[PDB]
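There is one chain below, alone, in structure tokens, taken in the form deposited in one PDB entry.
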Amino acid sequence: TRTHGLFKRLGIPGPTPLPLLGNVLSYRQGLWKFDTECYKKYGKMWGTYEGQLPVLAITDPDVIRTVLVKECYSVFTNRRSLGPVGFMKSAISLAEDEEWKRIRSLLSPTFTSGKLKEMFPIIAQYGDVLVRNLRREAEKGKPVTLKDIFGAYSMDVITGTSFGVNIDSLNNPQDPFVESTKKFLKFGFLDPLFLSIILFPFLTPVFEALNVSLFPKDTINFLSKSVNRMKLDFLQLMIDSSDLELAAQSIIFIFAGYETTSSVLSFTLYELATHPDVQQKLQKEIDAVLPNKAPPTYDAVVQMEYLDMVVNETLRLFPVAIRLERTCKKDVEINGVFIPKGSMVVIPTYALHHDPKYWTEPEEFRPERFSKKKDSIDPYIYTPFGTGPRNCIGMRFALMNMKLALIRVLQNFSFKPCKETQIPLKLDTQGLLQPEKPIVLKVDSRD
């Protein structure tokens, strides 16, 4: 209760904390659900405690633009106070202040639209693997469990592009890359370690000194073992430019991009199933641009307007990262409130994405929201990839992979519900947004 008066004192509303734990019990229902309930309850700003760590949640866009862009470098440079990660404290999402400022700089040339335009054929090759895989499953007439197919694609594309070559994960379950990377799936709140770290950060130096890491030590090595072993994609581009630092980044990319890409694709496809009119219209768009199942190309995949709007609206409904988190590296005035050092600020993307103030019929899937014809979207309400210098660096790359996959599958099949399709979709209560029950759809071919 050392800090459990901070918000009472500073005139900031919030749910009453419980000793030691904080409001953390409220997280078991899921953060997206907690973040919104508070939003509705407390308005523009509410405070909570993670054990002892205060947490300030801002919804006003200007305040957001302050935290995310204006004073990203003067104050809010780090995300969540670092945990027992050992040497992956070099990977870019985890580094802080200057160490990150460098690593960011030294990886930017890899994620420019130019290098992406370059990598395009190495990615689109993975769509042929994907189509066979989805035909196999649907040739039968058998409902398809999307997370198998598109989890597989997600990993194949990232593994191969990040380091190595095609694994065809679905048909090589015993591949040593497949079993080892599959272990990022259980990240966040689930592990006892994260809880003890969340509630008692002062143990973090301890676990480091005991070589106990949040990450699966069993796999971190095998990846590093395969990285140094190799020393067309991220690898060589990293090659041209420490050797531990290089080995981290390769792993974080797989981390930051494996499960997000996967959940978003099956989310997109779920919505196309339950709005067949949107599914035709995108099919029409695809067939006019690449007639007779033509091979995709970079400048096409980028200029497909509806397709962009379709991915974009899905990220409105399903911001897989739920919230954006920054740490005050110094005392700071955030919108007339005095916020001590170490504190965390939360920009509640999911809740802001579902606000009726900014989105007519917020629960409805309406790709038209993103018509370039309409008034541009506020980049601090819509924060699916972050904004500011700390945003998803692979943003352009992820949108490419998903669009590539979505095109290939939509050239060859449609998607519709069946008896086993959960409608409405329900979210799970842990980690990145995922469905309560896995998505299964009927996938008939167009011929």
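We number the residues from 1 along the sequence you see. The term rigid core refers to the maximal set of C-alpha atoms that superpose within 1.5 Å between the two forms.
Trainee: Among other entries of this protein with both neighbours modelled, does residue 232 go without coordinates in a third or more of them?
Mentor: Other entries vs residue 232: at least a third skip it.
Trainee: Our gap detector needs a label for residue 231 to residue 232. Which class matches the unmodelled residues of the deposited sequence there: none, 1 to 3, 4 to 9, or 10 or more?
Mentor: In the record, 10 or more residues between residue 231 and residue 232 lack coordinates.
Trainee: None, 1 to 3, 4 to 9, or 10 or more: how many residues of the deposited sequence lack coordinates between residue 74 and residue 75?
Mentor: Per the record, no deposited residues are absent between residue 74 and residue 75.
Trainee: Taking the recorded C-alpha temperature factors, which stretch has the higher mean, 161-169 or 143-151?
Mentor: Looking at the recorded C-alpha B-factors, 161-169 comes out higher on average.
Trainee: Going by the B-factors listed in the PDB entry, is the mean over the C-alpha atoms higher for 259-267 or for 178-186?
Mentor: Looking at the recorded C-alpha B-factors, 178-186 comes out higher on average.
Trainee: Using only the C-alpha B-factors in the record, can you name which of 364, 308, 368, 96 has the highest?
Mentor: When the deposited C-alpha B-factors of 364, 308, 368, 96 are compared, 96 is largest.
Trainee: Determine which member of 134, 317, 346, 239 has the highest CA B-factor, using the values in the deposited entry.
Mentor: Of the options given, 239 has the highest CA B-factor in the PDB entry.
Trainee: According to the PDB entry, is the CA B factor of residue 356 in the bottom, middle or top third of its chain, that is, lowest, middle or highest?
Mentor: It belongs to the lowest third of the chain when residues are ordered by C-alpha B-factor.
Trainee: When the modelled residues of the chain are sorted by Cα temperature factor, does residue 217 land in the lowest, middle or highest third?
Mentor: According to the entry, residue 217 has a C-alpha B-factor in the chain's highest third.
Trainee: Going by the CA temperature factor in the PDB record, which third of the chain does residue 374 belong to: lowest, middle or highest?
Mentor: Middle third, going by the recorded CA B-factors of the chain.
Trainee: Taking the chain's C-alpha temperature factors as the reference, tell me which third residue 312 falls into: lowest, middle or highest.
Mentor: Its C-alpha B-factor, which the entry lists for residue 312, ranks in the lowest third among residues of this chain.
Trainee: Lowest, middle or highest third of the chain for the C-alpha temperature factor of residue 280?
Mentor: Middle third, going by the recorded CA B-factors of the chain.
Below, we refer to the form deposited in another entry, which is not included among the displayed structures.
Trainee: If you fit the two forms on their rigid core, which residue out of 329, 186, 323, 102 shows a CA shift of at least 2 Å between the shown form and the other one?
Mentor: C-alpha shift of at least 2 Å: 186.
Trainee: Fitting the rigid core first, would the Cα of residue 175 be found 2 Å or more away between the shown form and the other one?
Mentor: True for residue 175: a C-alpha shift of 2 Å or more.
Trainee: Knowing the shift is 3 Å or more, I'd like to know if the C-alpha atoms of residue 187 and residue 429 are closer or farther apart in that other deposited form than in the shown chain.
Mentor: Those two alpha carbons end up closer in that other deposited form.
Trainee: Between residue 78 and residue 187, does the Cα distance in that other deposited form come out closer or farther than in this form, changing by 3 Å or more?
Mentor: Note: Cα gap between residue 78 and residue 187 widens in that other deposited form.
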